[PDB]
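Remarks on the structure that follows.
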Amino acid sequence: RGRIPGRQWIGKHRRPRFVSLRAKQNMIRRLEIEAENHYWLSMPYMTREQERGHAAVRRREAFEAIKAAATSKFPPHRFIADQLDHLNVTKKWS
Amino acid sequence: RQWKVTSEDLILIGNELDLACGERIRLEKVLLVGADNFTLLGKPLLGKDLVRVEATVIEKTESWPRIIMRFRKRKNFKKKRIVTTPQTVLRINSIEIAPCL
Amino acid sequence: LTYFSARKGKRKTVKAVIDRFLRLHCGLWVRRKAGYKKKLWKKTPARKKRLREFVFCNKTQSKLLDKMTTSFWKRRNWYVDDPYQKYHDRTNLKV
Amino acid sequence: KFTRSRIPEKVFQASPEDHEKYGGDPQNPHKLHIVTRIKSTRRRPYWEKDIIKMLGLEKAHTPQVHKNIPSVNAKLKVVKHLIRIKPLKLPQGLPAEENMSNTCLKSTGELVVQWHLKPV
Amino acid sequence: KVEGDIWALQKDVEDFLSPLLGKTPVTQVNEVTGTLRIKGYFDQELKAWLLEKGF
Amino acid sequence: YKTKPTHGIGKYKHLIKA
Amino acid sequence: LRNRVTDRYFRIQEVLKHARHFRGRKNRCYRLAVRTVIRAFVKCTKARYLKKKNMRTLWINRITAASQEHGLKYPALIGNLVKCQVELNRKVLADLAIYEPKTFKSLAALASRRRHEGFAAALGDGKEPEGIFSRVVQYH
Amino acid sequence: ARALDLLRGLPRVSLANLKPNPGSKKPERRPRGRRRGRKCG
Amino acid sequence: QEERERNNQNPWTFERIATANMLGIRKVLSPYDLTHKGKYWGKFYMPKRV
RNA sequence: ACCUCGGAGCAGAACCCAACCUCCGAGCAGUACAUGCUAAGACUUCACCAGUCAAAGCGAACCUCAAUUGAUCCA
RNA sequence: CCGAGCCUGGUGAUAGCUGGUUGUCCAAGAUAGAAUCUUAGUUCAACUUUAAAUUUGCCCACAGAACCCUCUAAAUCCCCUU
RNA sequence: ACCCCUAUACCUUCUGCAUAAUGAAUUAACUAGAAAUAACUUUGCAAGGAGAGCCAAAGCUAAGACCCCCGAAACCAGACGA
Ligand SMILES: [Mg+2]
Ligand SMILES: [Mg+2]
Ligand SMILES: [Mg+2]
Ligand SMILES: [Mg+2]
Ligand SMILES: [Mg+2]
Ligand SMILES: [Mg+2]
Ligand SMILES: [Mg+2]
Ligand SMILES: [Mg+2]
Ligand SMILES: [Mg+2]
Ligand SMILES: [Mg+2]
Ligand SMILES: [Mg+2]
Ligand SMILES: [Mg+2]
Ligand SMILES: [Mg+2]
Ligand SMILES: [Mg+2]
Ligand SMILES: [Mg+2]
Ligand SMILES: [Mg+2]
C-alpha cells in the first residue's frame with residue numbers, strides 16, 4: 001500500500017529520509033574538529049619569505065638520488081658457477 | 001589474546017614462539033588472579049612479585065588447511081588458496097602467589 | 001597486403017607507396033604536399049611555397065609504410081649522383 | 001558546476017576567544033603539525049586525493065609530522081575536512097642521539113623523550 | 001675476448017672511466033661468455049687504453 | 001583581466017557618448 | 001589422437017571428495033558438484049568475519065545477562081570497568097560470568113562503586129578525594 | 001682456468017644434464033586457463 | 001530577522017560552513033548557496049531559516 | 001527537414017565543449033601585377049590530410065575582406 | 001518442404017550478425033575526439049601494457065591574461081618556493 | 001542429522017540480470033589461436049657476418065617467442081527427375 005515509484009532513492013518522487021540524533025551529533029563533532037583545524041592553521045611560523053630556500057638543497061639531493069636509481073639500470077651479472085652447478089642434477093653416490 | 005587459565009590445562013596459540021618443545025616459560029602480563037574467596041586485580045597488570053604463572057611448550061605444529069576461495073559471477077573471477085598457520089601448545093604448570101601484597 | 005604470395009610464399013609490397021614516397025636509409029619517409037599543383041590561381045605565394053616542399057612523415061605513417069614495403073626498398077643504395085645522398089644518414093641526434 | 005573552493009583568509013585568523021578556547025599562543029607559534037587522516041578520499045575529488053598522497057596521509061589514523069609553513073599550510077587547507085591538525089609539543093627537549101631509540105608520540109601531542117614501562 | 005679473470009678487468013675499467021664520467025660506470029660482467037658490457041659509448045677510449053696496456 | 005585591479009582601464013565608450 | 005587426457009578421473013575426484021556430504025545429484029555429478037563446492041568454499045572463506053562477530057555478540061549477550069542478574073547494565077559495567085583500568089575483554093568477562101560467579105559479582109560491585117563515584121564527582125567536582133577507585137595510575 | 005678445475009668435480013656432462021642459457025628460450029603463451037582464456041586476447 | 005540572526009544560539013551557521021567549505025559541503029551545495037545562505041531553495045524562500 | 005564552410009549565444013574571465021538547440025551569413029567581390037625568390041622560429045579546429053603567421057637574406061620601389069571551398073587517380 | 005526442382009561439385013562460399021572459445025597463481029589496467037554509403041564496424045588520436053634512455057613531473061605566489069554596453073559568478077590559465 | 005544464525009544458482013549478454021533475458025536432464029568420450037614485417041632476449045663472429053645469391057656509418061648470422069571454432073538465406077557448372 002505504501003508504494004514509492006521506481007527506484008526509491010532516485011527520481012522525482014523519492015522515499016523521504018529524516019535526520020536522527022545520531023547524524024546531527026556526528027555532524028556537530030566533525031564540525032568541531034574542522035573548527036579546531038581552522039584555529040591551528042592560523043599561526044604560521046616562517047611568513048613565506050623565510051621559507052624561500054630552506055629545503056632546496058635536500059630536495060635537489062632527493063631528486064639526484066631518484067635520477068641515480070633511474071639511470072643505474074643494466075642486466076645483472078652472469079657467473080660460471082650456476083651454469084656449472086646445473087650439472088649436479090645427476091650426482092649419484094660418490 | 002587474554003586467556004582464562006588454571007593449572008594443568010592447555011592453550012593453543014596461533015603462531016611460532018622460537019622455543020623448543022619441553023621449554024619452561026614464565027607467562028608475564030597477569031591482570032587477574034582469583035582463588036576461592038578472594039580475587040586480585042591489576043591496573044591493568046598485576047605486579048611481577050605477586051603472581052608467577054609457568055607454562056611449558058608441549059607441541060609445535062601447523063593447523064589444518066584453511067581454504068581461501070574468491071569468486072565473482074559473470075566475471076571469470078575465481079581464485080583459491082590453502083593456508084596452514086603455525087601453532088604452539090602450552091601446558092600451564094603452576095600459578096604461584098607471594099605474600100608481597 | 002599479401003603477406004604470403006600464392007607463388008613463392010613471400011611478402012609483397014604495395015606499389016602505390018613506392019610511387020608516392022621516398023625512404024631515406026635512416027628510416028625517414030619523404031612525401032609531397034597534397035594539392036601542390038591544383039588550383040594555384042586561388043592560392044597565395046606563401047601557401048604555394050609551403051605546398052612545394054618535400055616534407056617528412058609521422059612515426060605512425062613511417063611504420064605503416066615500412067610494413068607496406070619490402071626490405072628491398074630499405075637497403076643502402078650508392079647511386080652516382082643522388083640528390084638525397086646526404087639525407088640518408090642522421091647526424092647530431094641524441095636518443 | 002563543482003570546482004575547487006578558495007577559502008577567504010578571514011577564516012584563518014584566530015580571535016582572542018579562540019586563543020582562550022585552545023591553548024595556542026599567537027606569539028611563538030608551534031613549529032610542527034601532527035596531521036592524521038580521519039576521513040576517506042573516496043567520494044572526494046582527485047585533487048584532494050592527490051594532496052592526501054603528497055602529504056603522506058594515505059593510511060588513516062596514522063600521525064605524520066609536518067612543518068608549520070605557508071606552503072604546507074595551503075596544502076593542508078585544501079584537504080582540511082579530511083584530517084586532524086594538532087601542535088607537536090616537546091615536554092623535554094628535542095630527541096637527542098642517545099635518546100632517539102626510546103621515544104613515544106604519546107597522544108595529546110607530547111613527544112616524550114624517555115619512555116619507560118613502569119608506573120610513576 | 002677477455003681471457004683469465006674478468007673482475008680485475010672490471011676494476012681497471014671502472015678506475016679508468018670514473019674520472020671521465022664523474023661517476024662509476026654501469027657495468028655487466030659475463031664470465032661464461034667472457035665479455036664486459038659498459039653503459040655508454042667509450043669505444044675509442046677503451047681501444048686506446050687497451051693498446052697502451054699492450055693487448 | 002577581469003579579476004585584476006587594473007580591470008576596465010581601456011573603457012572609452014562611456015567617455016564618447018556619440 | 002596425440003596425447004589426450006588420461007587422468008581426468010583424479011581431477012573429477014579432487015572436486016567430488018568435497019561434495020560427498022551434499023544432498024541430491026550434486027554429491028555425484030560433477031557439473032553440479034563443482035558449482036556447489038565453489039559456493040561452499042566461498043562461504044567457508046567468508047564465514048570467518050561472521051564467526052568473530054557472532055562470538056562477540058554471544059559474549060555481549062552473556063555479559064548483559066550476568067550484569068542484569070547483579071542489577072547492573074552492560075554499558076555501565078563495561079564503561080566503569082574501563083574507568084577502573086581493569087582491561088578484561090568480553091570473552092573473559094563471559095568466561096568469569098559462567099564459571100566464576102563470585103569474581104563476576106566482585107567485578108559488578110566494583111563497577112557499581114565506580115559508577116557511584118562518578119555520579120558523586122559530577123555532583124561535587126572532586127572536593128576533596130575525587131573517589132578511591134578513581135585515581136588512575138600513571139605510566140611513563 | 002678455474003672452470004675446468006670446477007669441472008673436475010661436477011658429475012660428467014651427458015644428455016641428461018643439458019640446459020639452455022636463461023633468456024634464450026622464452027615460454028610460449030597458450031590460450032588455456034582463466035588468465036589467457038575465455039576470450040584469448 | 002536581524003534580531004534572530006544576532007541572538008541565534010547555536011554556533012553552527014549555514015553561512016559559516018558553506019563559506020569555509022567545512023566538511024567539504026560544497027560538493028553538495030551550489031555556487032549560489034554562498035550568497036543565498038541556505039534561505040533559498042529553488043524558487044522557494046524560507047523566512048525562518050536564519 | 002538536413003548533410004560543406006564562417007560569425008554570435010548556450011559556453012560570463014586560458015583552450016575545448018553537444019543538440020531534428022536559438023540567430024545570422026558564405027559558394028564572391030574590388031585593387032596592384034615583386035599577388036618575386038628564398039629562409040630562422042612558431043601556431044594549428046583536439047588524429048592525419050589539409051590550414052596559418054613570420055624575422056633575417058637575395059632582388060625591387062623608395063594587399064582589402066569572415067566564410068568565399070574539393071584530395072588522389074585520370075584528362 | 002517451388003518467387004523458381006533435386007543431387008554432386010566450386011565449397012572449409014561469405015557473414016561489420018548471434019553463439020562458443022578448455023591447467024594454477026600473481027601483477028598493471030575504465031577511454032577528450034576526428035573521419036568514414038559511417039554511427040551493430042574500422043583507421044588515426046586519447047587512455048591503457050611492456051621494455052629502455054634521460055630529467056624533471058604534480059601541488060603551486062607575487063606579478064600577469066582588450067574590451068562594451070548592464071551585471072560579469074563558482075572558477076581557469078601561467079606559476080618560483082614547498 | 002535437523003532445528004539457531006548468514007547467504008538473491010552458473011554462463012553469456014548488457015548502463016545495469018536472482019531476474020520471469022540466453023543456454024544447459026545427466027554421464028562418458030570428442031570438441032575451438034595457424035604466420036610475417038619490424039622489434040626484444042640469448043649465443044657466435046665482428047668492420048664485417050652469412051655454407052655463393054643478401055645485408056652492413058656495429059653489424060650480420062642462429063634460436064626463442066605470435067594472430068580460433070560452429071552457423072545462413074545465396075550464386076555458378078554439370079548430372080538426375082513427368
Ligand atoms: Mg520500484
Ligand atoms: Mg567456460
Ligand atoms: Mg593539431
Ligand atoms: Mg623580409
Ligand atoms: Mg564462418
Ligand atoms: Mg544474444
Ligand atoms: Mg591490481
Ligand atoms: Mg556495422
Ligand atoms: Mg537492455
Ligand atoms: Mg542485482
Ligand atoms: Mg536467466
Ligand atoms: Mg536475445
Ligand atoms: Mg531450453
Ligand atoms: Mg552477394
Ligand atoms: Mg538468380
Ligand atoms: Mg505419366
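Atom set for the values below is all heavy atoms of this structure, side chains included, hydrogens, waters and symmetry mates excluded. The sequence lines fix the lettering, A, B, ..., with proteins before strands; numbering per chain opens at 1.
- Against RNA chain K, the stretch residues 23-31 of chain C makes no heavy-atom approach under 4.0 Å.
- Residues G23(K) and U14(K) show neither Watson-Crick nor G-U wobble pairing with both defining distances under 3.5 Å.
- Of the residues in residues 65-77 of chain A, those placing a heavy atom less than 4.0 Å from an atom of RNA chain K are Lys67(A), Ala70(A), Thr71(A), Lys73(A), in numerical order.
- Between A47(L) and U26(L), neither a Watson-Crick nor a G-U wobble pair is formed under the 3.5 Å criterion for both distances.
- Taking atom CD of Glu64(A) as the reference point, atom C1' of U56(K) lies 11 Å away to the nearest angstrom.
- The nucleotide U72(K) finds no pairing partner, because no Watson-Crick or G-U wobble arrangement with both distances shorter than 3.5 Å includes it.
- Closest to the side chain of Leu32(G), from the set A45(K), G51(J), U26(L), is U26(L).
- With both hydrogen-bonding distances under 3.5 Å, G23(L) and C10(L) qualify as a Watson-Crick or G-U wobble pair.
- Because its NZ or CZ atom is both nearer than 6.0 Å to the ring centre of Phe12(D) and within 45° of the ring axis, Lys77(D) counts as a cation-pi partner of that residue.
- No Watson-Crick or G-U wobble pair links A58(L) with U42(L) when both atom distances must be under 3.5 Å.
- The stretch residues 14-24 of chain I has no heavy atom under 4.0 angstrom from RNA chain K at all.
- Between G29(K) and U39(K), neither a Watson-Crick nor a G-U wobble pair is formed under the 3.5 Å criterion for both distances.
- Pairing check for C58(J) against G36(J): the Watson-Crick or wobble criterion is satisfied, both distances under 3.5 Å.
- Remark: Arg11(G) engages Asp7(G) in a side chain to side chain donor-acceptor pair (under 3.5 Å) (not counting sequence neighbours).
- Comparing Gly33(H) and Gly10(F) by the nucleotide of RNA chain K whose heavy atom lies nearest to each, the residue mapping closer to the 5' end is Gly33(H).
- Residue-level contact check: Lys39(C) touches the backbone only, with heavy atoms under 4.0 Å from sugar-phosphate atoms and none from bases.
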Mind listing the N/O atom pairs, protein and nucleotides 72-75 of chain J, below 3.5 Å?
| unit_1 | atom_1 | unit_2 | atom_2 | d |
| --- | --- | --- | --- | --- |
| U72(J) | OP1 | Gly35(C) | N | 3.0 |
| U72(J) | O3' | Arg20(C) | NH1 | 3.4 |
| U72(J) | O2' | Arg20(C) | NH1 | 2.7 |

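- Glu53(C) CD: more than 12 foreign heavy atoms inside a 6.0 Å radius.
- Nucleic acid contact class of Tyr12(F) (heavy atoms, under 4.0 Å, all strands): sugar-phosphate only.
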Contact state string [nucleotides 72-81 of chain K, B base, S sugar-phosphate only, - no protein heavy atom under 4.0 Å]: B-BBB---BS
Just the table, please: protein N/O against nucleotides 25-27 of chain K N/O, every pair under 3.5 Å.
| unit_1 | atom_1 | unit_2 | atom_2 | d |
| --- | --- | --- | --- | --- |
| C25(K) | OP1 | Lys80(B) | N | 3.0 |
| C26(K) | OP1 | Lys79(B) | NZ | 2.5 |

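- No Watson-Crick or G-U wobble pair joins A65(K) and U22(K) with the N1-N3 or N1-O2 distance and the second distance both under 3.5 Å.
- Between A77(L) and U8(K) there is a base pair of the Watson-Crick or G-U wobble kind, both of its two distances falling under 3.5 Å.
- Among residues two or more places apart in sequence or in another chain, the ring-ring contact (aromatic ring centres under 6.0 Å, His included) test is passed with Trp41(I) by none.
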List every contact pair, protein side and nucleotides 43-49 of chain L side both N or O, where the distance is under 3.5 Å.
| unit_1 | atom_1 | unit_2 | atom_2 | d |
| --- | --- | --- | --- | --- |
| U43(L) | OP1 | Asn30(E) | ND2 | 3.2 |

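- Residues that satisfy the salt bridge (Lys or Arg N to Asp or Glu O under 4.0 Å) test with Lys67(A), not counting sequence neighbours, are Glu64(A).
- Scored by the salt bridge (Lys or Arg N to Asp or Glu O under 4.0 Å) test, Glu31(E) finds no partners at all (sequence neighbours excluded).
- Closest to the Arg75(C) side chain, of the nucleotides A56(L), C67(K), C49(J), is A56(L).
- No Watson-Crick or G-U wobble pair links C37(J) with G30(J) with both defining distances under 3.5 Å.
- Taking the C1' atom of each, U48(K) and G29(K) are spaced 6 Å apart, rounded to whole Å.
- In terms of phosphate contacts, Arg47(C) brings a side-chain nitrogen or oxygen within less than 4.0 Å of OP1 or OP2 of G51(J).
- Residue-level contact check: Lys13(F) touches the backbone only, with heavy atoms under 4.0 Å from sugar-phosphate atoms and none from bases.
- Residue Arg66(B) places its CZ atom among more than 12 non-hydrogen atoms of other residues, nucleotides or ligands, all under 6.0 Å distant.
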B/S/- contact track for nucleotides 28-38 of chain L, protein heavy atom under 4.0 Å: -SS--B-BBB-
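- Under a 3.5 Å limit on both donor-acceptor distances, the bases of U56(K) and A28(K) fail the Watson-Crick or G-U wobble criterion.
- Here the straight-line distance linking atom CD1 of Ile67(B) with atom NZ of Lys43(G) works out to 15.0 Å at 0.5 Å rounding.
- For the pair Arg28(G) and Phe22(G), the NZ or CZ position fails the cation-pi test of under 6.0 Å to the six-membered ring centre and within 45 degrees of the ring normal.
- Distances from the side chain of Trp78(C) to the nucleotides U26(L), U22(K), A57(L) place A57(L) closest.
- The number of heavy-atom neighbours closer than 6.0 Å to OH of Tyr45(A), taken from other residues, nucleotides and ligands shown, is 12 or below.
- When heavy atoms are screened at a 4.0 angstrom cut-off, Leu55(D) is found touching no nucleic acid atom at all.
- Side-chain atoms of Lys75(D) and base atoms of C59(K) include a donor and an acceptor less than 3.5 Å apart.
- Base stacking of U43(K) on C44(K): present (ring centres under 5.5 Å, plane angle under 30°).
- The residue among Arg38(H) and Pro27(H) whose nearest nucleotide of RNA chain L lies closer to the 5′ end is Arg38(H).
- By the 6.0 Å and 45° rule, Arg31(C) does not stack over the aromatic ring of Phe54(C).
- Across the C1' atoms, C48(J) and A45(K) are found 9 Å apart, a figure rounded to whole Å.
- The number of heavy-atom neighbours closer than 6.0 Å to NZ of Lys12(C), taken from other residues, nucleotides and ligands shown, is 12 or below.
- Sugar pucker of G5(K): north, as indicated by a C1'-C2'-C3'-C4' torsion of positive sign.
- Checked against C10(L), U26(L), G70(J), the side chain of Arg39(G) finds its nearest nucleotide in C10(L).
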